[PDB]
Structures are given as C-alpha cells and as structure tokens.
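Structure first, then comments.
Naming follows writing order (A, B, C, D, E, F, G, H, I and J), and every chain is counted from residue 1.
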Amino acid sequence: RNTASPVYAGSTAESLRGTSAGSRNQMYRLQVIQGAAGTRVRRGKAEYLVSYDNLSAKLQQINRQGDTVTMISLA
Amino acid sequence: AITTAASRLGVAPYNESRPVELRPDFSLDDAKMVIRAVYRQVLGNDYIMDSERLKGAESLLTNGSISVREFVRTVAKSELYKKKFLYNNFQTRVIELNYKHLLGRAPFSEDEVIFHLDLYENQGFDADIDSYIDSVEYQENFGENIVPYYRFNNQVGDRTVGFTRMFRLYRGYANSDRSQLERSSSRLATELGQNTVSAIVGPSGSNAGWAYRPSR
Amino acid sequence: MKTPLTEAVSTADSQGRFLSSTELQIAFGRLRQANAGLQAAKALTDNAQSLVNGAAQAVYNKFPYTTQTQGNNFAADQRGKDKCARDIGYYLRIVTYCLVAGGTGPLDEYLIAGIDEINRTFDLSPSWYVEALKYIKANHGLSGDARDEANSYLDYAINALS
Amino acid sequence: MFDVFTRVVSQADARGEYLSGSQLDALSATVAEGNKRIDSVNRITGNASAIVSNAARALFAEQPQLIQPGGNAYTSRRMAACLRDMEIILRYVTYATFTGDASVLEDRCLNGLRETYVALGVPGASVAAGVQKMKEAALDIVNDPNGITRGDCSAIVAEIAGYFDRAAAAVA
Amino acid sequence: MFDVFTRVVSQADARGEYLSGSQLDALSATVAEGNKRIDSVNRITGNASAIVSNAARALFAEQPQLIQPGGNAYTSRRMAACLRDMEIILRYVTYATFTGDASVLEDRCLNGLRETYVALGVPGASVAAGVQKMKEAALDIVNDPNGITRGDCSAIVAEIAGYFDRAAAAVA
Amino acid sequence: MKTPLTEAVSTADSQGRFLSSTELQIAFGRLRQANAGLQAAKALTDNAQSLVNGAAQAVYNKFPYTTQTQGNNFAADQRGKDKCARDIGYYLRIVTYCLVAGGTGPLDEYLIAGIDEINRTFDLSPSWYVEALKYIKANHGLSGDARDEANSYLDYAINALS
Amino acid sequence: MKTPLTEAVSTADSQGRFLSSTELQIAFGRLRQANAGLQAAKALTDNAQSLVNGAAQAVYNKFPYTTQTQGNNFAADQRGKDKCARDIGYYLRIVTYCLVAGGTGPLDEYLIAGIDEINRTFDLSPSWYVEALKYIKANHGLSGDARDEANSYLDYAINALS
Amino acid sequence: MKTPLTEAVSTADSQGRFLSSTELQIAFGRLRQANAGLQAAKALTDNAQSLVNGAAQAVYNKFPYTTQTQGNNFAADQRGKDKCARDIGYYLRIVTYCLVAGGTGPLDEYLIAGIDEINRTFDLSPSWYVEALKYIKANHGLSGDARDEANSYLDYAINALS
Amino acid sequence: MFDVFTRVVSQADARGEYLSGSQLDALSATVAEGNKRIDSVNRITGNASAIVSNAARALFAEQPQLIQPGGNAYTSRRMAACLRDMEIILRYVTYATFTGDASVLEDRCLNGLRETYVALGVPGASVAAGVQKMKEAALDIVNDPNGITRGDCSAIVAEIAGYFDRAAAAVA
Amino acid sequence: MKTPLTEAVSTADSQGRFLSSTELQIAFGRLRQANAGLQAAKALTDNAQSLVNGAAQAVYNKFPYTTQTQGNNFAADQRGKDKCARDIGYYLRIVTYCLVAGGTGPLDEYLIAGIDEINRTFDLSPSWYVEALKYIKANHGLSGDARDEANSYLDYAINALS
C-alpha cells in the first residue's frame, strides 16, 4: 500500500513503566488497524500500551471489535 | 432526557457538559483537562491536595505513555483511591463507589455485588478494579480515550432501577461521595438484596426535603 | 495514616489476604522502634516550651524583618508573635505524634496536606518554618534511635516545605 | 443554567408565547447596563485573593473556635478546604453576576452544599458569616469610584448583594 | 430472568423436589402452544412502529395538555423521549410474551418506573393511557385471522393482555 | 443552552477558573449583538401571523399533495392545516428566542434535539419545513446585523433538517 | 438462567432490539427439543432412586477407601454414606432441571458455581462425582434426543469437575 | 451480521464458554428454517425484475409528484427512475440475503445503518420505500414459513424507516 | 464474524448479485449435513477437558524441556496459562465448526497470536505440537461409531481437521 | 492557550459542531478588544526597561533584606540582581503576550503553570513578584480599555501568586 511503519528496533521499543505497568512491570505495545463497525474511532491505525495483567483483556477487546493486530512487542 | 427536573435533580450541570476526550496528538491543555476531569470523577469530587496528586501518573498521561483508560486505572488502583474508598468501607459500599466512579452509574442487581465481592475476595482489589475498566460496558461508553462520566440519560441496556439508584449515590454538584448524609454506610445493600427502589430525593438547596432518610 | 501496622494491614486488605510473615516482620520492626519513639516523644514533650520559644527566636534572628515589619503575616506585634509560637508548637506536637505512631501519618494528615495553600494564602514563608525545624533538630538533645527517628520527621517536614 | 436572556426565554417557551414588547425593552435596559456588569465582574475577580484571605482572617478572628485544635478549620487540610470553599463561593457569585441570573449559583454551587456541611459537620452558620464578610469587601471594591468612568452602579451592586445573600442563606 | 420453564424449575429446587408428572405435563402443554406464542411475538414486532405511533397519536388527541406548550410531551426532546418510552414498554412486553414469564418486564422495565416518572414529573396516568392504547392495537393485531393457520389463541392473547396490564399498573 | 454568557461560564467552571479577559470579551461581543437581536425579535414577532400564514401557503404551493392527500401526516383537512401552522409557528417563535438569547440554545433545546425522531415517527417531510424556513428568510424584511443573526438561526434549522 | 429463550431476550435486550427472526428460530429450536427433554426428565425422575444408589455403589466400588477410611469427608459410616447419596441425588435432580429448562442454567446456578471451593474446603474428590456421573450416563436407559441432551448435561458436569 | 449461528457463538464467547445444549438448539432452529429461507430467496430472485419494476410503479402511483417534479431527489427523468429502481433493487436483494443468512444482519450492516442520514442528506422520503416494501410483501407470492420469514425482514425494513 | 451462510452473502453483496442457483443449492447441501455438524460440536465439547489434559500430558512427555525448571511451562501459573491456552484454542475450533466458517477462529483467537507468543517468549512450535495432539484426539472422538446414527462424517471431519490445522499453522 | 478564538473553536469542536452565532459574537468581542491590546503591548514594550528597573527597585525598597542578605535566592550580588531583573522582565514580556493574544493563555502556559514548585524549590518569595507587578500597574501609564485589560493580566498574576 506504499506506506511506512514505525521503527521499534534496539531500545526504541521501550516505554516508561512507572506505577502503571502492573505486577510484572512490563508494557506491551499493540499496533492495530481499526474501523468503526461504541465510541468514535479517530484513526484507522492505533497503538495501545497495556500491562501483562490486562494483555488478555485487551486482545479480546480488539477481537470483539473486529480490528486487526499488526504487531505486538514488549515495551 | 432530563429537562424540566434537571436543575432540581442536580443533573443540569452534566446536561451542559460534554465527554472529555483525549484526541490523538493532544495538546498541553487537553492533558490538563483530562487530569482535572479524571480527578473529579474517579475521586468523587473530593478536594485533592497537592501532596495527594499522582504526579507520576499525570506525567505519563501527559507524555502519551498511558492512555486515558490506563490513567483512570492508575488512579483507581492508587493508595489515594484506596484510602478514600476502600480501607474504611463495607465492600458493598466499595462496589457502589466503583460503579459510580468508573462506570458513571449505580449497580443494577445483587448479581453485580456477588461478582465483585467474590472477585475482590479471591483475587484482590486490583483485580476487581480491572473488571470495571476492562468491562464491555466501559468499552462501549468510554473506550480508550474518554474520561468516565455520569450516565443519567437512558441508554441501550439500561434498567429503570439504575436511574432511581443514581440519586442514592449522587447527592448534588456541590458534594462529594465522602460528604453525604449516609456517610460510610452502603446506600444500596437493602435495595439490591430485596430488588427494591426508593422515591428519588433530590439534592439540598433545590429540595427542602433533601435530608429524608428512612430508619433501620 | 502511614504507620507500619496500618500499612501492613492495608496491604493485606488490598490483596484480600490473611497476614503473612511479611506483615509479622513489619510488626517486629515496629516493636524494635516503638520504645525509642516513646522516649523521644516524652523528651520533646517535657522540653516543648523551651524548644518552641527557642525555635521562634531563632526564626526572628534569621529573619529580623518578621519582627520589624507591619503586616498580618509578620510577628512585629504580640498578635503575630503568638501566632508564630502557636505554629511552631503545632509542628513540635505533631512530630511527637509521629514518634508515637511510628510514621509520618500524623504529619501527613494534620500538617502537610494543604500546607502549601495555607502559606500562599496567608503570605507565610516556608523558609521561616524550615529555620524553626532546624533549631529543634539541633536542640532536642536526643541520641541513638530516638534522634534518628525524630530527625527523620523533622527533615520530612523540612523537605515538604522545600 | 440560565443567563438573564434565557431566563425570560424559558418562561416564555413554557407559556408558548413570544416575548412581549415590555420584556424586550427590559432586556434592552439590561444591555445598557452591560458595561457596569462587566466592570463589577472584573473588579471582584481582580481582587479575589484579597477578598478571600481578608474575609477568612476576619472570620477566624471573630470565631477562634474554628481554628483551635479540634475546630473544623484546624489542620492544614481542613483549613485549605475551608479557603477553597470561600474561593468557590466567590467564584460562582461572579458567574451569577456575569450571567445576570442566580441559576448557576443554584444549579452548581448551592446544589447539595447543605448536605455536604451537615454530613461533614462544617458549621454552616460560620460559612454564612464568611460569605457575609466577602460580600462587604466585594461591594466596596465594585463601588470604588477611582480609576473608572463615573456612573451609578447601585442596581448592579444590589444584584450582587443578592447573590451573596443567596449563598449565605443556602448554608445558614 | 426466568422463562416459563425455569420459573417452575426454580420453585422445584427451593423445595428440593423433582418436577411432578402434572408439572411436566403442564410444561408439555406450554410447548404445544409454542408456535402460537412465536406468531404473537412476530405479529406485534412486525407492527411495532405502527402500534407506537398510532397509540401516541391517539393519546395526544385525547390528552392535548401533554403537547401544548409547557406540557410534558412538548418540545422535541421530550416528545422523542415519550415515543421512546412507549417503544421500550412494548419491547419488554414482547420479551415477556416470548419467554412466557413477566420477570424480564418487571425486573428491567417496570421496577422503579413509577418512581422515575414521579421524579421527572412525567404524568404516569397518561403513560398508562398510552400503554392501554398499545394493548388494544397489539391484541387486535395478534388476533387477526388473515394469513395464518387458523386456531384458538385466546390463552396467548390473555397472557399478552396480562403483561400490558402489568405495564399500565406499574407506571401509574 | 448554547449562548455566549452560559458557555463562557460553563467553560470557565469546567476549568475551575475565575472569569478572565477572555470571558469579558465574550460579554462585549454579546453586548455588541444584543440590541440588533432584540430588534429582530420584535420585528419577527409583530409580523408573526403574516409570516406563519405566508410560510404555510408557500409549503402548500410547493408541495400541493400535502393539501390533497388523505392521511394523518398531511394537511388535506383543517386538522392537518392547523397542525402545520402550529408547527411553523413553533419554528418562528423559537427562532425569536434564539435572537433574544444570542445563540442556538433555544433551537437546540426546544426544537432540534429529537426532531429527526418526530419527523420519522409521524411521517413528516423535513423538506416541508425547509420551504417554510426559506419563505421566512425571504420575507422577514430585516437588514444589517438583525438580518445576519436571524438568517443564521434560520439556516441553522435548515441545515439540521438537511 | 442460561436457556435458549432467556439467552435470546438477553442478547436482544443488550442490543436494545425487538426480537427478530433470529430469536424466533431460537424459540423453534427450543420447541424441537422441549418434549424430548421433558420425557428424559420424567424417565430419570422415575428411575432416580435406582440411579442414585447404583451410582453411589459405583463410586464405592471404584474408590473402596471411601467406605473404609475414617474421616468427616469419607463414607465409612452411615453419616457419610447418607451425605454421599444426597450429593449424587442433587446432581441427578439438577440434571433433570436442565432437561426441563433446556440449558445448563440450573447446573450453573445451583451446583457448578462454587463447587470447587466446596470440594476443596470439605476435602471431597471431584473424581468421586465424575464416576457417579459416568454411572448415570451408562444406566439412565435413554435414547435419541433424550439421551443426547441428558448426556450433554452429565458431561458438562464432568467437564466442570475435571 | 446478526444470524442464529453467529449470535450463538458470540454469546458463548462473551461468557468464555464452550457451546452447550442451548447453542445446539439454536443450530437446530436454524436448520428448521434454512430450507424455507433458501426457497424464499430463490423465488424472490427469480421474480426480482417484476417485483422491482412493480414496486417502483407502486411508488410512482402512490406519490405521483415523484414523477412530475424536477429535482435530483425525484424520478421525473430517466436518471431518477433508474436511481429509484436501483434503490428498490437494493432492498429486495439484501432481503434475499437475510433469508439466506436467517437473520436481519445483512439488512443491518448493508442498508439500515446510515439510511437515516442518506435519506435526510439527499431529501429522499422514507415513505417512498415503505410503499415499495409493502408492494413486495403483497406480491412475492410466498407461503408458509417462507412467507413469514420474508415478511419479517420486509416488515423489519418498514419499521426501520418509520 | 461470518458463518457459512453470511460468508456467501458477503461475497455476493460485494458484487451486487443475488446468490445463484448453484450457491443456494450448495447451502442446501450444507443444511443437509447440519445434524452431523451439531454432533461433532457436541462430541468435542463433551470431551473438552479430556482432550486438553490428554494432549497436555502427551506434549510434556515428548517435550520435557517445557516443564523442567526454567521451562516455559514450569511453575503453576505458567502451566495453568498453558492449559488455559489449549482450552481457548479448542474452544474457538469448536466455534468454527459450529458456524461452518473459520472467521471466528481467525478473528477472535489467532489474531496476533503468533506475535503475542513471540513477545512473551512462548514456544509457538510447541503450542503447534499441542494443538496437533488435540486434533488427533478430537477427530477420533468425532468419528466414534458407538451410540450415534450411522453415516458418513468424512466431510465434517475434514473441515474440523482444517480448523485445527489453521490454529497450528498460526502459532507455528 | 486561553484566548477568545481558541476557546470558541475548542468548545465547538468538543460538541462536534460548526461555529454558530455564539462563536461569531466571541470573535466580535475579540475585534472590539484587539486594537487596545496591541497598543497596550506597544506602550509596555517601549517602556519595558524603565518599568523593569523601576519594578526591581520597588521590590528592593519594600524588602531591603533581599539586597542585604547573602544567599542564592537573594539579590545581595549582581548575580542575584540580574536574576531578579530577568524574572521581572519575564513577567512584563509575557503580559504583553496576553495583550496580543487577548487572554491569559501566555501567562498560563509560559509562567503560571509550575510557578509554585519553582518558588518553593528555589526559596523565592511570591510577595516579591507581587510588589513588582503592583509597581507595573501603578506606572505603565495606560488608559481606557488598554489599562483595563493590562491590569486584568497583572492582577491575574498577582492572584496566582497569592
């Protein structure tokens, strides 16, 4: 489709944890393609940062809405 | 909607407000409005002192490191929230407060008390908080980027008992959840157990009989 | 409020758990500390009038304009002097509570929460109180664990003011 | 929330009537006083911190029981909350002056406030005294003849006094 | 919620008893009426908009105070809310017909509705009149002999009339 | 309601701020506008019966089937004609409220919110009311600021219907 | 309770929808099943005493320690045997409710919810009840749709226990 | 897409549950209906041109102004008549999908969602399409279960438009 | 999510065409096999716990590294998460069998599952081996000739094997 | 940034609304004000050095200890005096931005947000800057609307510090 993607190589994948990264202090970055099939959708491509404890719940949320997961990595 | 009785019931200010949304590429003022909106909603309009502010969570929210929902989850799991609403309350009162703060509505049925009481007892407070925020109801109303707000108006999936119980938990604009006549007592323990409701008593100022409360 | 016993039960209660060896260890830490804290509270209480009066005079010496300048926020008259000695007494008394409770809880609840708004609204300099707290640190005469815990609360208040 | 214009409109709509010529003329007179209204809002706002702090100092001087240990204004948190209350009430009084209608005060500031003070044990009579002190200072500030185009502001001053009286009555 | 089958089950478990032969036979008779029950739900649903709009028109004609200025059905917001309420009540009546139990209607719709309308100032008696008008239209629709296998639906129609009566009684 | 004064206060309240020079400018904008709005409201009111009757006939001329077709939603009888004139009167009356208020608030709260549900439920064509509104725009005889503000509300209603 | 009819309304209500052909088809599915379920409930009820005692003896045969070992959780005495026959009767009775209801609702709400904590708390092996349920499956004598639906509920309980 | 099979799985998935007898009954309900629905789709498809043309003429007869009035939203020229015949074809075609799918899902996702904004934006009267759907109801010539399911979807569209 | 019916509908709508006689006949053949489809779903579901546990035991027997200390399935929570994942995959395979379309499995289970396991360090090749073990057990259960009307279930068995194959390929 | 135009659009955007007569009135209010603000900004800019130096000396005169007491937070050396003149220059310069912008946005974003932390951290007294701001009010020499708007921002800063 003649487009680019963000670069998450080396340490560029890292994101700040603080006290918001759950019990394991790990963040997961979910890149998705989404549309409006609920709240208004503002962007066709979105990123979500969720802790390990909420990673399962987030996948079902993305799944229930019919949105596509393009990449998941540790942040 | 609520038009004629809106001011009498304390709903008129919320009729005049719009959901607070954090758009992509948000500005500085956008982040501040979210933080103010989250603190007012999630902490039940209690005054928040500078020493009590979650400066780290505010920083991550401002930076885009956490979304609005994750900021709400961080506030709800904080020691500030637990001090205000957990450590000094019956868990049914805690469940009442969680529904108002995080879902903007009152509990509908005893089944909700059963679910969240067991979830807290088996998995702990943090697990219970996740259940509200990761719920389908939270997803459909607020999603990732909108601060929770009171849902006074009728929506799909509502029950009428929810409307009457909202004014058991909401007691006016110039008021906080920790500054109501019933104080720490559960407002809906009896109503949920018996599946009963009570006549709506509006807030003080606009209603002379605002203080009516039944006895044991 | 933040004390070892309250924090221990607050953690277990948040987790919906019985108390475990972790919480029992917290209690043992409290017991190791408690007697020294009670000794410090007694020593500060018996010496409170001298510490408060000396602390107020130390502030006046370091900031002589406070006793020379007219204004509701200054101690040029007996009214302001009485307010000042009252405030320093509040710090000293609430510090003794921290020693009894074994934590900053009393300071957090009774004094520090909202102190910034008070000092701004009434045009009170936090530097004045920092000087008073430093005087109490240098003059309470405690030693050992009593000194360490007492100075931790005095420095805790100083840091909150700075 | 209504302003001075929408208050009349709401009453007209509930009757299904056009505003009469008398009602439109009355609103025209309100517009003629608009500059005085804006000035009064500006003057109270520009002195808001002084009005709050001076009134608070006077209230605690006359009611030392509020600030002694065990008093409802004792401890920094309660004291700060008390100062916030005075500022909030003053802020909403300026809103009512700006809109020309008490609804913003009734709908938001005074909605549930008595329940709040009864539940917390805040002495409502003492809040009313503090609000009265702010009223006295605010009206003097609005009426100051210096540095402004001279004219009669009695009508706007009377209106502002009413909003203060409303707030004081709502709490005690 | 309960349906016709689970209502009997719940009463049996509370007694710790197996369903009796008479109870099982009674539920078999309910099964034998299932097609008529499904047709009744289909017919009401297929005419839902006409039932609501005709009933609303008849109501406002008989009670013109509702739609005059100041009336509770006046303005588009309130009229829209009013029409929505009629559709909601009809929707839950069909739910109860589908399940053969009033619990879904009572639990989710009627419980608290009297208190809601009293709080909002909605005239509950007028809602009952509107519900009654929906009842007559719906029952006529259910009873229409055209384009359907002929038989006796008096029992189903009586059951549906009962649910409408529950709704009318609850609002007022 | 959406009016300059109420929205100015509600926005400031949401931010927890006193009114500042921004909100004062909003008030000055309102004061610059109000007299023309009140004058426009007076002119529409004095001419309301002519405008309503003229607007109704304009609709009937443009859509003759509405006066010849039997049905509850049409104006083939005096019942329907009376309903139609009443409705157009509501549009005109609420537009005068917008001029008095200086904003779309009266139209939003009394008429626009839920109008789509009404027209769908009762099978009323929005195009009918668009024609009535255009007639009123062409015949209210206003000029200057009065014309511009009045037409903005009339166009606001037209846009909502389209 | 989870049944086809309650599930149909629950889904429609959550969507704010009138019942459509989808929910009507759900009703027709229930009607197709209902008579076979009621016959199965009758057959199990009439044969219940033989099934319960036979199942209990099957458990005792497979786990002879249950009838030889002293303890509150075992069936070495008449007390424990009565508890055991009672529990097996509960399983069978609630299964008949499922056949009446046409869904796992009665099992979900009366038996399955909380069974894990009970078995852990009172030291009851889920394997005991699995064997009892297997005996009932092999001995209820049903056929056709009655057999298939009943075995689905018995298997549902077995799966919950394993 | 709302159908008995997808709704059954969606409900189970939302509960984190395997499919139980409740959902198998839903499938049996679908299988009872499916052949009648497939028959209905074939009959409507074979008669589609006659139904669309007859439905279009029914609208023009009921609303003669749509064939005499100039405007992009009317059928006074061949352009608008082709637009109208196309639209009615869309309704009939998507109704046959509902019969194939056994639910309103194809109508919900392809036609109903957004129809209100389209009709308002392009000044199309919902009453036009209601007449077209009523003609198809009166002329598809189905009977039995095929008729009842087909009429449910046609009535579903009519209700959505009113 | 699509089922066997809506899959054909969606393709037809994209071309703006009615379903052809051949397509309708194909769906009629699908309807004729529906009872076998329901039996296959019922049999897999009725043995779900056994299928998962037997597959898990077999997997750890051939891949003991998974359960040795430091292995990805070592510790109770990781083992529980692994058994959970196996049950999830089996559940969504039954969903696909029930609907006759793989969309539910692909959209709601396999969507991003390969990347999730990579990010977590879960060995996907071992997940695939476990899924294959569930596959062979499930197909024998579906194919069991005892206690069922006799007939040819080869087509449904092939379809179910396809869904298991999709799950195994997606993870690894 | 709080300015009349930015708040008008942001409120409309939050409502998903085109701009209406309300927002246009806000624009007219800005236009009535804008020239006075620009001239006020010019007058303050041209006189900036005299105002800043005069303001700094007003602070030193009112608080002589700031020029007599050693310390990083005081102005007993040229280093401290240069910091103080710099800070007062920041206040004046950002005030001219508010006059240009027509609101407190520049003060809020550049100066007021976080000022409490800075003054607390660096032991700077808000009363010093209040005195500097009061001098600027007393000496900028503006009149009419320019005076009123300029003083609103200077008083806004004073209130923020008090």
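Just so we're on the same page, contacts are C-beta pairs under 8 Å (C-beta built on N, C-alpha and C of every residue); 3 or more make two chains touch, one makes a residue touch a chain.
For each chain, UniProt lists the protein as follows: C, F, G, H, J = C-phycocyanin alpha subunit; D, E, I = C-phycocyanin beta subunit.
When chain G (C-phycocyanin alpha subunit) is fitted to chain H (C-phycocyanin alpha subunit) on its Cα atoms, the angle of the rotation, on a 0 to 180 scale and to the nearest 5, is 180 degrees.
The equivalent interface to G-I, defined as the listed pair sharing over half of its contact pairs by residue number with it, is D-J out of E-F, H-I or D-J. Chain C (C-phycocyanin alpha subunit) and chain F (C-phycocyanin alpha subunit), compared by their mean Cα positions, are separated by 65 Å.
Taking each chain's centre as the mean of its C-alpha atoms, chain E (C-phycocyanin beta subunit) lies 34 Å from chain G (C-phycocyanin alpha subunit). Chain centres here are Cα averages; for chain C (C-phycocyanin alpha subunit) and chain D (C-phycocyanin beta subunit) they lie 38 Å apart. Along chain F (C-phycocyanin alpha subunit), residues 3, 6, 10, 13, 18, 20, 24, 27-28, 30, 102, 109-110, 113, 121 each make contact with two or more other chains. Shared interface positions of chain E (C-phycocyanin beta subunit), defined as residues touching 2 or more other chains, are 42, 45, 48-49, 53, 75, 77-78, 81, 84, 108.
Looking at chain B, one finds that residues 1, 3, 13, 16, 49-50, 126, 136 touch two or more other chains.
Residues of chain C (C-phycocyanin alpha subunit) that touch chain J (C-phycocyanin alpha subunit) in their complex: 63-65, 116, 120-121, 123, 125-127, 161-162. Of all residues in chain F (C-phycocyanin alpha subunit), only 72, 109-115, 117-118, 121-122 touch chain E (C-phycocyanin beta subunit) in the complex they form. The residues of chain C (C-phycocyanin alpha subunit) lying in touch with chain B in their complex are 10, 13-17, 108, 112-114, 116-117, 160.
Against chain G (C-phycocyanin alpha subunit), in their complex, chain H (C-phycocyanin alpha subunit) makes its touches with residues 2-4, 7, 10-11, 18, 20-22, 24-30, 32-33, 98, 102-104, 149, 152-153, 156, 159. Within the complex formed with chain I (C-phycocyanin beta subunit), the chain H (C-phycocyanin alpha subunit) residues making contact are 1, 3, 5-6, 8-10, 12-13, 17-20, 23-24, 27-28, 30-31, 34-35, 38, 41-42, 45, 48, 93-94, 96-97, 100-102, 105-106, 110.
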